[PDB]
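Listed below, chain by chain, are the residues.
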Amino acid sequence: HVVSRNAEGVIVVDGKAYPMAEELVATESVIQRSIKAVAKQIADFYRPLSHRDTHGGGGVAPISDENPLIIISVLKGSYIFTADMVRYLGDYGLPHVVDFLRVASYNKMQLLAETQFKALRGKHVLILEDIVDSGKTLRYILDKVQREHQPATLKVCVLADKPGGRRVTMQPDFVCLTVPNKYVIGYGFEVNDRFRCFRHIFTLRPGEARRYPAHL
Amino acid sequence: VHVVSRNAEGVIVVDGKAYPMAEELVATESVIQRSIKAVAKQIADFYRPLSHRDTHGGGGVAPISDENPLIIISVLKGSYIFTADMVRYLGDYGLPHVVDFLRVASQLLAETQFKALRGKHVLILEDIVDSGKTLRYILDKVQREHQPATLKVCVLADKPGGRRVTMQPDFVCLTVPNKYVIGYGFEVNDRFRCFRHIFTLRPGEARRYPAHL
Ligand SMILES: O=c1[nH]cnc2c(CN[C@@H](CO)CCP(=O)(O)O)c[nH]c12
Ligand SMILES: O=c1[nH]cnc2c(CN[C@@H](CO)CCP(=O)(O)O)c[nH]c12
């Protein structure tokens, strides 16, 4: 990749201008290498574990295509990250299945979309989330999944950790990238759904946060 | 280049990985990605000249733009990997767009959250058209509830031999054999979605994982 600024001071990555960006955080190559390295850590961690056997009604059995790792992906920010991560988990041979939940704030938390999996009791569950910032969203999701599904173990993998944003204790078990204490965009991160399709992650110019006020 | 072979057990091996649940290979990752990117170029070429209701400036009609993007509705859970790949190609070709999701199951499980689609160009992204029944259901629902200016469909896969009702998507990335496909988003009880290639499933293996997740 080539990262530079044009004559207007605008960041250009591979010939493409990003006038909404303050700084580049990570190119696609760095992001993908970071995700694949975490996929290897996740596969190495879960491959030797056993949990409730729901395929044979038996007691306990190794993680397998019969009894896969349960992954709950948090929409919408995690969908692109999850699509890439599952393919790397497959490269490393980790048996797994994915369902989705969505949460939002009104700030207080509320579930927008429930998972449809119904047999998570005694299973290993991994949450895939886009970013840990204040820690409030993941505190809410972990408490809810833990009490409603009663999994054997519950862990979190984030694409991004913004360390300085913490207001409640939260350190995901797996972290692909560390980002600056700024609003990030690209690769699933957005402003009113814009910028999600970027292959790179950037910080946002402060004046751009209210650029698209109209609800979709 | 991909290496495709069979081991002593007669099992298909792609790049050193065995697929004992597969009958035949349909498409490698390289072929799939080339086909998605080609359709992304067609979708961007078709929509970038169009105009629709202006909700950024209130009214009236304005070009597709980051202010008034193309509205994409992705069908969960089957289309999520295809969508993640397609939106990045659409970005490559400079098509302004935003994505919302609907979830269907075999009933509507999750509704769209977008509320200002009236007079907007809307594109549905779906994994496969086989019998045509799922898309006939989604199209009627989206038209009635959102009143879009235009409603089109892009599928990763068309199985033309499976039709039971009339359904011709506007954009088609790949044609598949009249067989149950697995891989690249396609699954048996959520298994096989993460494969980078599309295969046909060995007969009778659709019952391999009977327990509900
Ligand atoms: O930097 C960012 N870029 C784009 N969006 C966000 C958000 C909001 N989203 C949720 C997680 O989806 C916050 C998790 P928390 O409660 O831990 O703050 C915080 N920071 C950013
Ligand atoms: O070949 C296949 N492999 C994996 N799954 C399927 C499905 C079921 N899914 C829906 C849409 O996701 C079918 C669309 P339709 O209503 O037109 O029949 C049909 N064929 C296959």
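Residues numbered from 1 in each chain as written, not as in the entry; some residues may be left out. Chains lettered and ligands numbered in written order. Heavy atoms only, no water.

If you look chain B up in the PDB entry, it shows as Hypoxanthine-guanine phosphoribosyltransferase from Trypanosoma cruzi.

By the naming in the PDB entry, chain A is Hypoxanthine-guanine phosphoribosyltransferase, taken from Trypanosoma cruzi.

**Side note on the overall build of chain B**
Stated formally: Each helix is a run of DSSP H or I of at least 4 residues and each strand a run of E of at least 2, with the numbering of both proceeding from the N terminus. Based on C-alpha atoms, the radius of gyration is set beside the globule rule, defined as 2.2 Å times the residue count to the power 0.38. Per-residue accessibility, obtained with a 1.4 Å probe over protein chains only, is compared with the maximum for each type, and a residue is labelled buried under 20%, exposed over 50%, and partly exposed between these values. Computed with a 1.4 Å probe, the accessible areas rest on the Shrake-Rupley method; for each residue, only the protein chains presented here act as cover. Charge counting follows a simple rule: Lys and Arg are positive, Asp and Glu are negative, and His as well as the terminal groups are ignored. Where a charge sits is defined by one atom per residue type, namely NZ (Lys), CZ (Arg), CG (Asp) or CD (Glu).
Per the secondary structure count, chain B includes three helices and 14 strands. Relative to the globule expectation of 17 Å for 213 residues, the C-alpha radius of gyration of chain B, 19 Å, shows essentially globular dimensions. Counting across all 213 residues of chain B, residues that qualify as buried make up 54%. With the model as given, the accessible surface of chain B reaches about 9300 Å², and the carbon-plus-sulfur share is 50%. Of note, chain B has its 28 positive side-chain charges centred 3 Å away from the centre of its 23 negative side-chain charges.

**Regarding the side chain of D53 of chain A**
Residues and elements named next belong to chain A. We apply this condition: Between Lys or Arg on one side and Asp or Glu on the other, a salt bridge is scored when a side-chain nitrogen of the former is within 4 Å of a carboxyl oxygen of the latter. Between N or O atoms, a polar contact is any pair within 3.5 Å; within protein, one atom must be a potential hydrogen donor and the other a potential acceptor, and residues adjacent in sequence are included only when both atoms are from side chains. Residues count as neighbours in contact if any of their non-hydrogen atoms are within 4.5 Å of one another.
Structurally, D53 is set in the loop between β5 (50-52) and β6 (60-62). At 6.1 Å, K123 is the nearest oppositely charged side chain to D53, a buried residue that forms no salt bridge. Separated by 2.9 Å, the side chain of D53 and the backbone nitrogen of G56 make a polar contact. Of the polar contacts made by the side chain of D53, one reaches the side chain of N67; its length is 2.9 Å. The contact partners of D53, leaving out residues within four places of it in the chain, are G58, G59, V60, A61 and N67.

**Examining the interface of chain A and chain B**
Condition: Accessible area, probed at 1.4 Å, shrinks when two parts are joined; the buried area is that loss added up over both.
The interface of chain A with chain B comprises 42 residues on the first partner and 43 residues on the second. The contact between chain A and chain B buries some 3700 Å² in all, and 57% of this surface belongs to carbon and sulfur atoms. Area buried by chain A at its contact with chain B is led by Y79, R87 and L216 of chain A, which between them contribute 20% of it. On inspection of chain A and its partner chain B, the count reaches seven salt bridges. For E66 of chain A, the salt bridge goes to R208 of chain B, with nearest N and O atoms at 3.6 Å. One can count 17 residue pairs in polar contact joining chain A with chain B. Elements with a minimum of two residues in the side of chain A that touches chain B: α2 (79-91) and β8 (96-105) of chain A. At ten residues, α2 of chain A tops the list of elements feeding residues into the side of chain A that touches chain B.

**Concerning the pattern of salt bridges**
All chains considered together, the criterion is met by 30 salt bridges over all chains. Here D85 of chain B ties to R88 of chain B by a salt bridge, and the two come within 3.0 Å at their closest N and O atoms. Of the two residues, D85 of chain B and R88 of chain B are both situated in helix α2 (residues 80-92); the distance of three residues between them amounts to about one turn of the helix. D85 of chain B gets classed as buried once you look at its relative accessible area, which sits at 6%. Here the salt bridges do not stand alone but share partners, grouping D99 of chain A together with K77, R103, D190 and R193 of chain B into one network.

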